[PDB]
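Visitor: Handing you a structure now.
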Amino acid sequence: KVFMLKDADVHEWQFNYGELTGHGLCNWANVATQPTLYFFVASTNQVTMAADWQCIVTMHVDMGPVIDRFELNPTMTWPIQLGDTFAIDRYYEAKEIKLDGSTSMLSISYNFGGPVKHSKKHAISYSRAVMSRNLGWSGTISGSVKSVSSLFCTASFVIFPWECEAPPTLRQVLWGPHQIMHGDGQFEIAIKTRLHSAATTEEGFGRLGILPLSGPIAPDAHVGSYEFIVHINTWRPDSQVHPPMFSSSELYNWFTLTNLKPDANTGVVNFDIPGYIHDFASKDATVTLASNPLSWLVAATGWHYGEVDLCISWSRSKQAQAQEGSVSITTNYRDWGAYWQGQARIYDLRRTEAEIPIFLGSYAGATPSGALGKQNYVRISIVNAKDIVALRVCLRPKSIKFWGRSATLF
Amino acid sequence: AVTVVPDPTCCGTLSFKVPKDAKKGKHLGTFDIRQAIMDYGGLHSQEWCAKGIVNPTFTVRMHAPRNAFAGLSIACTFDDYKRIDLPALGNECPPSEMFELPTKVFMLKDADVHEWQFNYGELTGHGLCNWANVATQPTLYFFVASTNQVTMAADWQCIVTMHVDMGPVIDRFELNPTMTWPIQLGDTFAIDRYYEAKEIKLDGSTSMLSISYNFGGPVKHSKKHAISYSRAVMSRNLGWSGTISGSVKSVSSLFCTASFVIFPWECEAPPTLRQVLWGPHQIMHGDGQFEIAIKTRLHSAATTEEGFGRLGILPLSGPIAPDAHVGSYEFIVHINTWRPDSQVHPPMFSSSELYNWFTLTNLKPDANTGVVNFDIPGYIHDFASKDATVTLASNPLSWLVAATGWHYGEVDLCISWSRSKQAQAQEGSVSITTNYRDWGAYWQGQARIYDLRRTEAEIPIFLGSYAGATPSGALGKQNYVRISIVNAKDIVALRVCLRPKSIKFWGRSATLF
Amino acid sequence: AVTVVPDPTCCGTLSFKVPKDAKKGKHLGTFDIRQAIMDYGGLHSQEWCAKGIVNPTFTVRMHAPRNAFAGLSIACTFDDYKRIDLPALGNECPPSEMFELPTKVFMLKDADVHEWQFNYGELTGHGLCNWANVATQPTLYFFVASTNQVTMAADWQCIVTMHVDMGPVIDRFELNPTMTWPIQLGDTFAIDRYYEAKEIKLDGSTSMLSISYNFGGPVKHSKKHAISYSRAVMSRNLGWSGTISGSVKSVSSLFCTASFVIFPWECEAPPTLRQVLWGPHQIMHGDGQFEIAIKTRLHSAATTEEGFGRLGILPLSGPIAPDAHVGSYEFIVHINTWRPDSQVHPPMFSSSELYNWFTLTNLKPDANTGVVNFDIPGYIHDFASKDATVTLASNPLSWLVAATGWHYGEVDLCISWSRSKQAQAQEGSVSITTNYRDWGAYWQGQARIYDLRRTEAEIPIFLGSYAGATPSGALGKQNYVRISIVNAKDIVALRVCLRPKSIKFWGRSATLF
């Protein structure tokens, strides 16, 4: 919310706690979710005001009728199915142009795919996860610019598709597509590269150019650069195809545990894989976690419920003749008792077992004891110098549902 | 719905740094229409070549952010022939306004709208073609026309983008003439002229005056004198009467506001706002348009002479600006079109079109034959040779010729010369012949003894230039073999009276001297 | 009615000196479609930039006077990817014909008509855009394809002018695929191929032979071997049957004339013109078109194998030329389209689409861990690493991939590997994982002990390249951690069998080796 921007109150946001959270809201405060709003300065070149001004925020609701479900319609289903316009709803940090030579502003677009590193952290957001499935994208982005800067400072710039370092010539910028902006405004630009499409995970494969046209003109008394906030909105896909990330089949590596530390006595290690998809990690082995669009969408989303098949696979050490032992996989319910379904394996060293993500569908610490799934892994074998890389876990999404557009900063 | 789209109308580009300490007449930069049209891309450049001759309707765009706190105004001027820097060196101003000129104020609603749209043909009167000739060259000069601006924080970059509409190929080079000899005024004549920045400061400044009503003859603007198309066209009669339509535009930053009244005047100060309020008036509060009636002690105003009527600008409510603001109130007045009245006014000399060109005295005949030969070209120009003492005259014909780019048509040189000695001792002969290429057989001619006056129809050069009649295809040259012992015989040998049979003039321009 | 008019369709230009002593494969010059399109004017160059991606229908024009006495023919070839000079150094010929190629004979009615019209899209299958990528580059090579020409009086200058029809902006980069995996032939397949200059000289020359009917596999043309789109597409079945349509064109000067008969053959010389006349035949007298039926001892002809049918050209009436004429009769045969027959022919190996890619033996595991890791990319290519002894296979899939510019689609790598030692002593493990960017967490994977065979669906790179999968956006790479003491254990570790699930191919090209 920029100030100069026509408003002394109009600074208002209207959203549906449901369209964004995907789960309604009730009086009794649970623990999996908590609606809090953070207000912060997003501008850089402001003026030192005469005094610390008080500011008041007033909220208004439209409760609406009582909803009979807690979880509303899922915000996504497993095969990420894009429509005609996907909402890559993202604002871009304050860009600046100062009278003193500043060239080619760049909203290095076209790498909306994978996780990013923002100085203080890394980030996987709903958008990024949803667009990380294929090697590259093609289409048209619709967004808008908004000048932050005070009326003492004015400037103008041109928007144009680019890919390399500086289109030195305004004659190059003018020859091809362009949009000379004079501050605020909306723009729908077509992605353009040396082979049409742009990359998703990879950068330097296309970019959005902001060449300053008519330098910042402000009275000498004015200090501070020209500043504007770019906002990416929705992208209409193109039509040319792009390959998926790994293959077509939905099968993604979860974790792979090495160096199992079996108890001193029985030399047996038991691992318990929960029921909520999460960064698995135990202390009786060396867990190595993988990353793929499934892992991202899970971490960039609030709730997930549905069924998957844990595709297990493990290997023994010794020469064929000396190898010995056995493993036992069983889908359990409450902590070590009789509740379950199970089987044993000798030199059948690979298994798959349908199992399903927790009571309603959380992301971690599966809210209650009503957190099924837990498959124990009694590697009855002298696990020790036997399990090369004991189980590898490949989760194959049978068809999950995702609720809540969010991120996870790490 | 893609918004980022290419711009096919674009023709060329230019960019210049406006200094933060830019002052008045500073030359920001020029813009060679030709060079840019081709230095830039091939769409319109190839079409430039393919079509050959066209009549482009250019629309230049000066992108400069609309800052309302910098009291700046950048003016643009179109010169297809007559404006050298070196003499006005660097700077320039009212002499600049003597051509074409859109003054572009910043605060003035626009961050790009700073754009001018003209037809290179309506103003130049001759179309334009790819192959660069030498008689004309389309260049644009951009300069600061404001005085009380703010020192900006830094020298801001400024970009100008031009756009054309080549139009179809024209079959003529010279289009319709911009004027014919008997200056025939209609219902509205375009005295298209801007007036240097007027100022009003809180500290007592009284009666601003656009000493109008002397739009007639040549004027002196400090650095030079000037005869512009308008002035020439209005210099024909002793006085004018009617109504002027113009407009005011505040240059000054939003920190400074004021208001003034416009009223017809003639003398020194209408001390009383009660006098200003009693009669016609228009209280302006900054920008605005105004159509005022000329008013004097005998209704009409003079053309060549000043102090015979005037446009008054009495400051009403003093300039109110915060103390932090330095700088006077500043506004640029722009005269536009005048609707003639109905009351008559006498022509300048008489009714008949006959104007003195030059009169040569002290002929210096060659040492031996004692014969002097003068060659009067074919283009009307400031004649001057080195074998006599040429004294040049001035009249509306001489002005309109000098304030216009091209002229073609026929005139009769009315020659007249006199001998010295007493009637009995006078001796000699003169010979006038209309020639073509340099001293050969091409011509038409006659001899004169004591027939001391002649007239010979002769016509202004190949298509119609103003000087150095473009090629050898520059006819006319009448030799003046004053076969006589010219010496102590020709009192004032020929006097040349050109009588415009019906000439045509092309191109609205000036000539600064 | 003005005839001298500009030519807006013109795109660019090129000129080269044809030597008077020019001989066969001599490279006259190249023509970079891109560079010219922009080195030349801005009409189509600006439009190149503004439109971005288009599908140009080019029509090149080689202006060369129609001299009927110089027995010359200049051929043109279109290469958007695969043809280096340095190896064929300077000269070139049948390996050249392995792309696109219009041979232009002079005597052949034309002094300009030497022009080729193609759609950069129908042949390249991917549109074209202003920004130069690296996977493809449109350049044209012009070369002499004639042998018995006349030594001209001097090295004549020759100019080539190109013309475009940019067309509207295309929204896709990759247009419709030029082929899908199961090679599906229609009613007429375009075996678009020219055949090196055949000659007949008065001095006894018998049975010319366009050993047709071995259009199947790769061929060896003296300087190189070659797999072209056609060959690949026809290499799938053991033999073919149908009718070929083609044409002959005399190169030779008007001083030399001859006539020949075309007839189906298979063995060595149909000695009898009485044999040639008894059966099907077509007495040609120079130029002309011919559609002939394939004929052998069992009807069909072989695809990969030669000596199973052939096209016969028996000289009928010997070359009659004045004694002053030196040089044989020369003509260029051009195979065009073949209409399939109806009788069946077996596929190459079996019906199921499963083709051996490579088989690696002698893995060289690191000195310490004794583990070898192989990374099979995502683009089908001649796999070869330095930690094993890679042995590459050949099959219609390998050919069509190498004779085509782009390929995108999914395949299953059918892996299989074996251990050495007696059953009891065998030890180790292997791990296959489909990865993305260089050794990190991105992937999908599994481990194997004495499960010694695997299959994993994986898909060919970002949009679909042939090698060095344009970006890091080159998925697929399956690592092969043969955790085992690879050494004296992996007999022939993995064998890779790629099974085309359904790929798509773009661009008709060859690969000379």
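Visitor: Can you find, within segment A:201-225, the residue that is farthest from B:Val326 (Cα to Cα) among those that are more than 9 Å from chain B (Cβ to nearest Cβ) and of a type in the set (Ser, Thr, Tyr)?
Guide: Only one residue fits best here, namely A:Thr201.
Visitor: Might you check whether a residue that is within 13 Å of chain C (Cβ to nearest Cβ), in a loop (DSSP other than H, G, I, E, B), buried (at least 16 other Cβ atoms within 10 Å of the Cβ) and out of contact with any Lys or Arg (no Cβ under 6 Å at 6 or more places or on another chain) occurs anywhere in segment A:298-313?
Guide: Looking for residues that are within 13 Å of chain C (Cβ to nearest Cβ), in a loop (DSSP other than H, G, I, E, B), buried (at least 16 other Cβ atoms within 10 Å of the Cβ) and out of contact with any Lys or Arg (no Cβ under 6 Å at 6 or more places or on another chain), one finds none in segment A:298-313, hence no.
Visitor: From the list B:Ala111, B:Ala154, B:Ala132, pick out the single residue that is closer than 30 Å to B:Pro471 by Cα, in the same structural domain as B:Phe173 (by CATH) and either assigned to a loop (DSSP other than H, G, I, E, B) or not hydroxyl-bearing (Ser, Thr, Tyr) (or both). Steps first, answer last, please.
Guide: Working: B:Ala111 fails: closer than 30 Å to B:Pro471 by Cα; B:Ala154 fails: closer than 30 Å to B:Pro471 by Cα.
B:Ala132 is the lone residue from the list that is closer than 30 Å to B:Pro471 by Cα, in the same structural domain as B:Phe173 (by CATH) and either assigned to a loop (DSSP other than H, G, I, E, B) or not hydroxyl-bearing (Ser, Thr, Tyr) (or both).
Visitor: Give me the strands (runs of 3 or more DSSP E) completely within segment A:96-169, filtered to those with at least 1 residues that are touching a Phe, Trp or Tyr at 6+ places or on another chain (Cβ under 6 Å) and not aliphatic (A, V, I, L, M), ordered by residue number. Spell out the reasoning first.
Guide: Working: elements: A:105-107, A:122-125, A:139-147, A:154-162.
It comes to A:105-107, A:122-125, A:139-147.
Visitor: Scan segment C:66-102 for residues that are within 13 Å of C:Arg193 (Cβ to Cβ), in contact with a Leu (Cβ under 8 Å, 6 or more places away or on another chain) and of a type in the set (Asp, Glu) and jot them down.
Guide: The answer is C:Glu100, and nothing else.
Visitor: Would you call B:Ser146 under 18 Å from B:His334 (Cβ atoms), within 14 Å of chain A (Cβ to nearest Cβ) and not in a strand (DSSP E or B)? First the steps, then the outcome.
Guide: Working: under 18 Å from B:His334 (Cβ atoms): yes; within 14 Å of chain A (Cβ to nearest Cβ): yes; not in a strand (DSSP E or B): yes.
So B:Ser146 fits the description; yes.
Visitor: Residue check: is B:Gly468 at positive phi and either outside the structural domain of B:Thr433 (by CATH) or not in a strand (DSSP E or B) (or both)? Can you show your working first?
Guide: On the way: at positive phi: yes; either outside the structural domain of B:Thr433 (by CATH) or not in a strand (DSSP E or B) (or both): yes.
Yes, satisfied.
Visitor: I need the full set of residues from segment C:438-455 which are under 37 Å from the mean Cα position of the chain (by Cα) and more than 7 Å from chain A (Cβ to nearest Cβ), in order please.
Guide: Hits for segment C:438-455 are C:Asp438, C:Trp439, C:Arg453, C:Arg454, C:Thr455.
Visitor: Which of the residues spanning segment B:190-210 are in contact with a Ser or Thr (Cβ under 8 Å, 6 or more places away or on another chain), in a strand (DSSP E or B) and not hydrophobic (A, V, I, L, M, F, W, C)?
Guide: B:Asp192, B:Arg193, B:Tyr194, B:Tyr195, B:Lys198, B:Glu199
Visitor: Across segment A:314-325, which residue is farthest from the other protein chains (Cβ to nearest Cβ) among those that are surrounded by fewer than 20 Cβ atoms within 10 Å (Cβ to Cβ) and either part of a strand (DSSP E or B) or on the phi < 0 side of the Ramachandran plot (or both)?
Guide: Start the filter on segment A:314-325 by keeping residues that are surrounded by fewer than 20 Cβ atoms within 10 Å (Cβ to Cβ), which leaves A:317-325.
Filter once more, keeping what is either part of a strand (DSSP E or B) or on the phi < 0 side of the Ramachandran plot (or both): A:317-324.
Details: A:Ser317: 8, A:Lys318: 7, A:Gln319: 4, A:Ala320: 5, A:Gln321: 4, A:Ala322: 9, A:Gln323: 8, A:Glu324: 13 Å.
Ranking the candidates gives A:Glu324 first.
Visitor: Restricting attention to segment B:167-184, does a residue exist that is under 30 Å from B:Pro65 (Cα atoms) and either without any contact (Cβ under 8 Å) to a residue 60 or more places away in the chain or more than 14 Å from chain A (Cβ to nearest Cβ) (or both)? I'd like the intermediate steps shown before the answer.
Guide: Step one: list which residues in segment B:167-184 are under 30 Å from B:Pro65 (Cα atoms), which gives none.
No: segment B:167-184 contains no residue that is under 30 Å from B:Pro65 (Cα atoms) and either without any contact (Cβ under 8 Å) to a residue 60 or more places away in the chain or more than 14 Å from chain A (Cβ to nearest Cβ) (or both).
Visitor: Of all the helices (runs of 4 or more DSSP H) wholly in segment B:11-90, which have at least 2 residues that are buried (at least 17 other Cβ atoms within 10 Å of the Cβ) and within 14 Å of chain C (Cβ to nearest Cβ)? Steps first, answer last, please.
Guide: Numbers: elements: B:33-39, B:43-51, B:85-88.
Result: B:33-39, B:43-51.
Visitor: How about segment C:284-316: which of its residues are in contact (Cβ under 8 Å) with a residue 24 or more places away in the chain and either aliphatic (A, V, I, L, M) or not assigned by CATH to the domain that holds C:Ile211 (or both)?
Guide: C:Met284, C:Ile292, C:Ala293, C:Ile294, C:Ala301, C:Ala302, C:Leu311, C:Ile313, C:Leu314, C:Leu316, listed by residue number.
Visitor: For C:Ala190, all conditions in the list (1) surrounded by 17 or more Cβ atoms within 10 Å (Cβ to Cβ); (2) under 19 Å from the mean Cα position of the chain (by Cα) hold save one; what is the number of the exception?
Guide: (1)
To keep it simple, each residue is scored yes or no on (1) surrounded by fewer than 17 Cβ atoms within 10 Å (Cβ to Cβ); (2) of a type in the set (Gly, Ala, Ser); (3) within 23 Å of A:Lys192 (Cα to Cα).
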{"residue": "C:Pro94", "(1), (2), (3)": "no, no, no"}
{"residue": "C:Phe99", "(1), (2), (3)": "no, no, no"}
{"residue": "C:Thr103", "(1), (2), (3)": "no, no, no"}
{"residue": "C:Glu115", "(1), (2), (3)": "no, no, no"}
{"residue": "C:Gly125", "(1), (2), (3)": "no, yes, yes"}
{"residue": "C:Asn130", "(1), (2), (3)": "no, no, yes"}
{"residue": "C:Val144", "(1), (2), (3)": "no, no, no"}
{"residue": "C:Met152", "(1), (2), (3)": "yes, no, no"}
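Visitor: Could you please let me know if B:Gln478 is closer than 19 Å to B:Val372 by Cα, buried (at least 17 other Cβ atoms within 10 Å of the Cβ) and not assigned by CATH to the domain that holds B:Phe173? First the steps, then the outcome.
Guide: Working: closer than 19 Å to B:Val372 by Cα: yes; buried (at least 17 other Cβ atoms within 10 Å of the Cβ): yes; not assigned by CATH to the domain that holds B:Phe173: yes.
When the stated conditions are applied, B:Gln478 passes them.
Visitor: Moving on. For segment C:420-436, which positions are facing chain A (nearest Cβ under 7 Å) and surrounded by fewer than 18 Cβ atoms within 10 Å (Cβ to Cβ)?
Guide: C:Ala423, C:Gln424, C:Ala425
Visitor: Any residue at all in segment A:380-387 that's farther than 21 Å from C:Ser431 by Cβ and free of Cβ contacts under 8 Å to residues at least 24 places away in the same chain?
Guide: Residues of segment A:380-387 that are farther than 21 Å from C:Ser431 by Cβ, as a first pass: A:380, A:382.
Next cut, free of Cβ contacts under 8 Å to residues at least 24 places away in the same chain only: none.
Within segment A:380-387, not a single residue is farther than 21 Å from C:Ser431 by Cβ and free of Cβ contacts under 8 Å to residues at least 24 places away in the same chain.
Visitor: Say we look at segment C:1-10 and pick out the residues that are without any contact (Cβ under 8 Å) to a residue 24 or more places away in the chain and surrounded by fewer than 10 Cβ atoms within 10 Å (Cβ to Cβ); which of these is nearest to B:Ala50 (Cα to Cα)? Please lay out each step first, then the result.
Guide: The initial filter retains those residues of segment C:1-10 that are without any contact (Cβ under 8 Å) to a residue 24 or more places away in the chain, namely C:1-6.
Of the ones still in play, those that are also surrounded by fewer than 10 Cβ atoms within 10 Å (Cβ to Cβ) are C:1-5.
Working: C:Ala1: 16, C:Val2: 13, C:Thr3: 13, C:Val4: 11, C:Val5: 8 Å.
Across segment C:1-10, the extreme among qualifying residues is C:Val5.
Matching residues to (1) in contact with a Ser or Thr (Cβ under 8 Å, 6 or more places away or on another chain); (2) among the aliphatic types (A, V, I, L, M); (3) over 18 Å from B:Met62 (Cα atoms); (4) surrounded by 23 or more Cβ atoms within 10 Å (Cβ to Cβ):
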position	(1), (2), (3), (4)
A:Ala155	yes, yes, no, yes
A:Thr169	no, no, no, no
A:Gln186	yes, no, yes, no
A:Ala190	yes, yes, yes, no
A:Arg194	no, no, yes, no
A:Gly215	no, no, no, yes
A:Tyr226	yes, no, yes, yes
A:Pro237	yes, no, yes, no
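Visitor: Might you check whether a residue that is facing another protein chain (nearest Cβ under 8 Å), closer than 23 Å to A:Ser197 by Cα, in contact with an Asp or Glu (Cβ under 8 Å, 6 or more places away or on another chain) and not in a strand (DSSP E or B) occurs anywhere in segment C:476-493? Working first, answer last.
Guide: Start the filter on segment C:476-493 by keeping residues that are facing another protein chain (nearest Cβ under 8 Å), which leaves C:476, C:483.
Pick out the ones that are also closer than 23 Å to A:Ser197 by Cα and you get C:476.
Next, only the ones that are in contact with an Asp or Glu (Cβ under 8 Å, 6 or more places away or on another chain) stay: C:476.
With the extra rule that they be not in a strand (DSSP E or B), the set shrinks to C:476.
So far as segment C:476-493 goes, yes, one or more of its residues are facing another protein chain (nearest Cβ under 8 Å), closer than 23 Å to A:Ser197 by Cα, in contact with an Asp or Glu (Cβ under 8 Å, 6 or more places away or on another chain) and not in a strand (DSSP E or B).
Visitor: Right, next: Output the number of the condition that C:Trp156 fails; it satisfies all remaining conditions of (1) crowded, with 19+ Cβ neighbours inside 10 Å; (2) over 22 Å from the mean Cα position of the chain (by Cα).
Guide: Result: C:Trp156 passes all but (1).
Visitor: From the residues in segment A:229-248 that are within 13 Å of chain B (Cβ to nearest Cβ) and not charged (D, E, K, R), which one is farthest from C:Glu174 (Cα to Cα)?
Guide: Out of the qualifying residues, it is A:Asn233.
Visitor: Taking the residues in segment B:109-133 that are of a type in the set (A, V, I, L, M) and in contact (Cβ under 8 Å) with a residue 12 or more places away in the chain as candidates, determine which candidate is nearest to the other protein chains (Cβ to nearest Cβ). Steps first, answer last, please.
Guide: Pass one, segment B:109-133, residues of a type in the set (A, V, I, L, M): B:111, B:113, B:123, B:128, B:132.
Checking which are in contact (Cβ under 8 Å) with a residue 12 or more places away in the chain leaves us with B:111, B:123, B:128, B:132.
On the way: B:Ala111: 4, B:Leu123: 26, B:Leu128: 18, B:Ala132: 19 Å.
The extreme case among them is B:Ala111.
Visitor: Within segment A:273-287, track down each residue that is over 17 Å from the mean Cα position of the chain (by Cα) and farther than 17 Å from A:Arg379 by Cβ.
Guide: In the first step, residues of segment A:273-287 are kept if they are over 17 Å from the mean Cα position of the chain (by Cα); the result is A:273-276, A:280-287.
Residues satisfying the conditions are A:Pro274, A:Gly275, A:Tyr276, A:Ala281.
Every residue, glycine among them, receives a Cβ derived from its backbone with ideal geometry; neighbour counts consider all protein chains shown. Numbers and lists here come from the model and the stated rules, or from a named source; these are not laboratory values.
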